[PDB]
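Visitor: Residue numbers (the deposited numbering), protein chains in the order written: chain P, 387 to 396; chain P', 387 to 396; chain A, -4 to 231; chain A', -4 to 231. A prime marks a further copy of an entry chain.
Note that CB positions come from ideal geometry on N, CA and C, so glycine has one too.
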Ligand SMILES: [Mg+2]
Ligand SMILES: [Mg+2]
Ligand SMILES: [Mg+2]
Ligand SMILES: [Mg+2]
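Printed below as a string of structure tokens:
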């Protein structure tokens, strides 16, 4: 489970 | 639902 | 080629790294340089070339069908003229798709097919040749759509004659050949009955040969027989 | 640029076609040509530039981490020497990733940031600048790793000062800025406590401002607040 950054990949 | 051909995409 | 200074063994090693990185353009460029060293390819090396180019051309086919559809949606009665932009971009992707096809067919014709003496090597390359003529046919609209289609058919038919005589019905390369050739009949050659008859005959002959197989060979063959079963369920 | 002969409006139209075709390299090249026409970008046009480059750099970051790991697995005690191939290919992908980063930072510095007077435009570009210095930092190992990291921090801090003074706490660009800056603290700046404190403070201030929002604004803001909540659950 990877930490979130924006924007996200398709 | 799409007809199958080989090889298949990743 | 720009891979002409790298060792064949290094090009194969990096093709496999690129596959794991899901870097298919790199994978394809590596296996191109490998082919261009002029030595015949091994079974594993043939799969890397196949897998590499199918993922490249697969992204372009997907992209082409999205643009082709938006373009037709913009050609109905009651659709607002959006200028030439949709057509220009569809043409650019299609042009790029055609160059990949011509590149793969170039490798097959210089000189992979003439040097393939074994059943497995020759049937694999002739299948590849039918597949990439088929991709050209999916987007062809002009003077030699008919010649492109017959080039696909002809390569597909030589492969089928050799596999019929030289490989068992459960051979994965035979089963994959027949899956693809059937789809050719169905959606390129407008022969849906030929497409369905090839699929049943291929499924049934393989079914009756599974008893000769190891557990590992069984999983390989049944996987592909299920793709044939799925197509048939969809067309019937 | 090779887009210098195409109309700005045609470049924007084709960026959006390319997004639907999942053709991100094309999308990025289109939005590059659009920026290079020299006019400020709209809110929608800023998102297309962001979305385009993040998917390009995202494929290269993923690929880099696969190769970086195989390389370290091949540097342990009891690992068989496989030659330089893994290092050379990791270096090639990394070099290509660095060129994208330098290209995006070039557009930001020539001349998107100096012409961005509004809070929303300026905070968006300064965030972008922090993000792409961060991508350089993920792979930096030598003389100016420290200067690259401080360039990311510095851009991130100016954006945070402007959003703090000029945008409400639920503003999606503010919430995305804070999500990214927090991750910077956590995994680039080795400040996991700073990372966690920024995330709670950002979540809580937004929570207490949701009452001012429309249903549509609510869905936009809550989406991003849930990304902050997920990071916090993972680090605590
Ligand atoms: Mg070379
Ligand atoms: Mg009938
Ligand atoms: Mg041009
Ligand atoms: Mg603590």
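#1: So, using beta-carbon positions, are residue 132 of chain A' and residue 114 of chain A' closer together than 9 Å?
#2: Between the stretch 75 to 89 of chain A' and chain A, which residues of the former have CB atoms less than 9 Å from a CB of the latter, in chain order?
#3: Under 8 Å by Cβ, that's how I've got residue 227 of chain A' and residue 390 of chain P pegged, so tell me the actual separation to the nearest angstrom.
#4: What first and last residue would you give for the alpha helix (DSSP H) that runs through residue 121 of chain A'?
#5: Taking only heavy atoms of ligand 4 into account, decide whether any of them is closer than 8 Å to the Cβ of residue 189 of chain A'.
#6: Considering only residues of the same chain and omitting the five flanking positions on each side of residue 177 of chain A, which have a CB-CB separation below 6 Å?
#7: Are at least three pairs of beta-carbons, each pair with one atom in the stretch 121 to 129 of chain A and one in the stretch 140 to 158 of chain A, less than 8 Å apart?
#8: First and last residue of the alpha helix (DSSP H) that includes residue 165 of chain A?
#9: Kindly say whether residue 9 of chain A', judged by its beta-carbon, lies nearer than 9 Å to any beta-carbon of chain A.
#10: So what's residue 104 of chain A' in DSSP terms, helix, strand or just coil?
#11: How far does the alpha helix (DSSP H) with residue 28 of chain A in it reach, from first residue to last?
#12: Name, please, each residue of chain P' whose Cβ falls closer than 7 Å to the Cβ of residue 53 of chain A.
#13: With 16 other CB atoms within 10 Å as the buried threshold, where does residue 50 of chain A' fall?
#14: Does residue 47 of chain A have its Cβ less than 9 Å from a Cβ in chain A'?
#15: Could you tell me whether the stretch 129 to 145 of chain A' touches the stretch 90 to 100 of chain A', where touching means 3 or more Cβ pairs closer than 8 Å?
#16: By the 10 Å Cβ neighbour count, where 16 or more other Cβ atoms means buried, how is residue 54 of chain A classified, buried or exposed?
#17: Give me the Cβ distance between residue 13 of chain A' and residue 22 of chain A', rounded to the nearest whole Å; I'm assuming they're in contact under 8 Å.
#18: Is residue 0 of chain A' near ligand 3, with its Cβ less than 8 Å from a heavy atom?
#19: Which chain P residues are close to residue 17 of chain A', counting only those with a beta carbon under 8 Å from its beta carbon?
#20: I need the DSSP call for residue 224 of chain A', collapsed to helix, strand or coil.
#21: For the pair the stretch 101 to 111 of chain A and the stretch 70 to 87 of chain A, tell me if three or more CB-CB distances fall below 8 Å.
#22: CB of residue 33 of chain A' to nearest heavy atom of ligand 3: below 8 Å?
#23: Is any heavy atom in ligand 1 found nearer than 8 Å to the beta carbon of residue -3 of chain A?
#24: Identify which residue in A/138, A/96, A/76, A/38 has its Cα closest to the Cα of residue 117 of chain A.
#25: Apply the 10 Å Cβ neighbour rule to residue 26 of chain A and answer buried if 16 or more other Cβ atoms are within range, or exposed otherwise.
#26: Can you tell me whether DSSP reads residue 388 of chain P' as helix, strand or coil?
#27: What are the boundary residues of the alpha helix (DSSP H) that includes residue 50 of chain A'?
#28: Using a beta-carbon distance below 9 Å, is residue 61 of chain A' in contact with chain A?
#29: Let me see if you follow: with CB-CB separation under 9 Å, is residue 139 of chain A' close to chain P or not?
#30: Can you list, in chain order, the residues of the stretch 138 to 161 of chain A whose Cβ is nearer than 9 Å to any Cβ on chain P'?
#31: Chain P partners of residue 178 of chain A', CB-CB under 9 Å?
#32: Between which residues of its own chain and residue 202 of chain A is the CB-CB distance below 8 Å, once the five residues before and five after are set aside?
#33: Using a Cβ-Cβ distance under 9 Å, would residue 225 of chain A count as near chain P'?
#34: Would you mind telling me which residues of chain P' sit closer than 8 Å to residue 43 of chain A, beta carbon to beta carbon, in chain order?
Guide: On the basis of the coordinates in this document:
#1: The residue you call residue 132 of chain A' lines up with position 137 of the fourth chain. The residue you call residue 114 of chain A' lines up with position 119 of the fourth chain. Pairing residue 132 of chain A' with residue 114 of chain A' gives a Cβ-Cβ distance that is not under 9 Å.
#2: For the stretch 75 to 89 of chain A', residues whose beta-carbon sits nearer than 9 Å to a beta-carbon of chain A comprise 77, 78, 79, 80, 81, 83, 84, 85, 87, 88.
#3: Position 232 of the fourth chain holds residue 227 of chain A'. Position 4 of the first chain holds residue 390 of chain P. The beta-carbon distance between residue 227 of chain A' and residue 390 of chain P, rounded to whole angstroms, is 11 Å. This is too long to meet the 8 Å contact definition.
#4: Here residue 121 of chain A' refers to the residue found at position 126 when the fourth chain is read from its first residue. Run containing residue 121 of chain A': 114 to 134, per the alpha helix (DSSP H) assignment.
#5: Residue 189 of chain A' sits at position 194 when you count from the first residue of the fourth chain. Not one heavy atom of ligand 4 lies closer than 8 Å to the C-beta of residue 189 of chain A'.
#6: The sequence position of residue 177 of chain A within the third chain is 182, counting from 1. Sequence-distant partners of residue 177 of chain A (beyond 5 residues in either direction) whose C-beta falls short of 6 Å from its own C-beta, in its chain, are 190, 193, 194.
#7: A contact between stretches requires three or more CB pairs, one per stretch, nearer than 8 Å, and the stretch 121 to 129 of chain A meets this requirement with the stretch 140 to 158 of chain A.
#8: Here residue 165 of chain A corresponds to residue number 170 of the third chain, with the count starting at 1. Going by DSSP, residue 165 of chain A is part of no alpha helix (DSSP H) at all; its letter is neither H nor E.
#9: By one-based count along the fourth chain, residue 9 of chain A' stands at place 14. Nearest CB-CB separation between residue 9 of chain A' and chain A: below the 9 Å threshold.
#10: Taking the first residue of the fourth chain as 1, we reach residue 104 of chain A' at position 109. Residue 104 of chain A' falls in the helix class under three-state DSSP.
#11: Position 33 of the third chain, counted from the first residue, corresponds to residue 28 of chain A. Here the alpha helix (DSSP H) through residue 28 of chain A covers 19 to 30.
#12: Position 58 of the third chain, counted from the first residue, corresponds to residue 53 of chain A. Correct list: 395.
#13: Your numbering for residue 50 of chain A' matches position 55 in the fourth chain. With 16 or more Cβ atoms within 10 Å of its Cβ, residue 50 of chain A' is classed as buried.
#14: Within the third chain, residue 47 of chain A is the residue found at index 52, counting from 1. Taking Cβ atoms only, chain A' never reaches closer than 9 Å to residue 47 of chain A, which makes this a no.
#15: Result yes; three or more Cβ-Cβ pairs closer than 8 Å.
#16: One-based indexing of the third chain puts residue 54 of chain A at position 59. Burial call: buried.
#17: Position 18 of the fourth chain holds residue 13 of chain A'. Position 27 of the fourth chain holds residue 22 of chain A'. Contact holds; Cβ gap of about 4 Å.
#18: Walking along the fourth chain from the start, residue 0 of chain A' turns up at place 5. Residue 0 of chain A' Cβ: within cutoff of ligand 3.
#19: What you label residue 17 of chain A' is simply residue 22 of the fourth chain in a count that begins at 1. Correct list: 396.
#20: Taking the fourth chain and counting its residues from 1, the one referred to as residue 224 of chain A' is at position 229. Three-state DSSP puts residue 224 of chain A' in a helix.
#21: With the cut-off at 8 Å, the stretch 101 to 111 of chain A and the stretch 70 to 87 of chain A do not touch.
#22: By one-based count along the fourth chain, residue 33 of chain A' stands at place 38. Not one heavy atom of ligand 3 falls within 8 Å of the beta-carbon of residue 33 of chain A'.
#23: One-based indexing of the third chain puts residue -3 of chain A at position 2. Taking the Cβ of residue -3 of chain A as the reference point, at least one heavy atom of ligand 1 falls within a distance shorter than 8 Å.
#24: As a position in the third chain, residue 117 of chain A is number 122, starting the count at 1. Of the residues A/138, A/96, A/76, A/38, the one whose Cα lies closest to the Cα of residue 117 of chain A is A/38.
#25: Residue 26 of chain A sits at position 31 when you count from the first residue of the third chain. So residue 26 of chain A counts as buried.
#26: Taking the first residue of the second chain as 1, we reach residue 388 of chain P' at position 2. The three-state secondary structure of residue 388 of chain P', taken from DSSP, is coil.
#27: As a position in the fourth chain, residue 50 of chain A' is number 55, starting the count at 1. The continuous alpha helix (DSSP H) containing residue 50 of chain A' extends over residues 38 to 68.
#28: Walking along the fourth chain from the start, residue 61 of chain A' turns up at place 66. True, the Cβ-Cβ gap to chain A drops below 9 Å.
#29: Taking the fourth chain and counting its residues from 1, the one referred to as residue 139 of chain A' is at position 144. No, residue 139 of chain A' lies away from the interface with chain P (no Cβ there is under 9 Å from its Cβ).
#30: Cβ contacts with chain P' come from no residue of the stretch 138 to 161 of chain A.
#31: Taking the first residue of the fourth chain as position 1, residue 178 of chain A' is located at position 183. Residues of chain P with a Cβ closer than 9 Å to the Cβ of residue 178 of chain A' are, in chain order, 389, 390, 391.
#32: Within the third chain, numbered from 1, the residue matching residue 202 of chain A stands at position 207. Closer than 8 Å at the Cβ level, and outside the excluded window around residue 202 of chain A, lie 220.
#33: Here residue 225 of chain A corresponds to residue number 230 of the third chain, with the count starting at 1. Using a Cβ-Cβ cut-off of 9 Å, residue 225 of chain A counts as an interface residue toward chain P', since at least one Cβ of chain P' sits closer than that to its own.
#34: Position 48 of the third chain, counting from 1, holds the residue named residue 43 of chain A. Close to residue 43 of chain A, with beta-carbon spacing below 8 Å, lies no residue of chain P'; the smallest spacing is near 11 Å.
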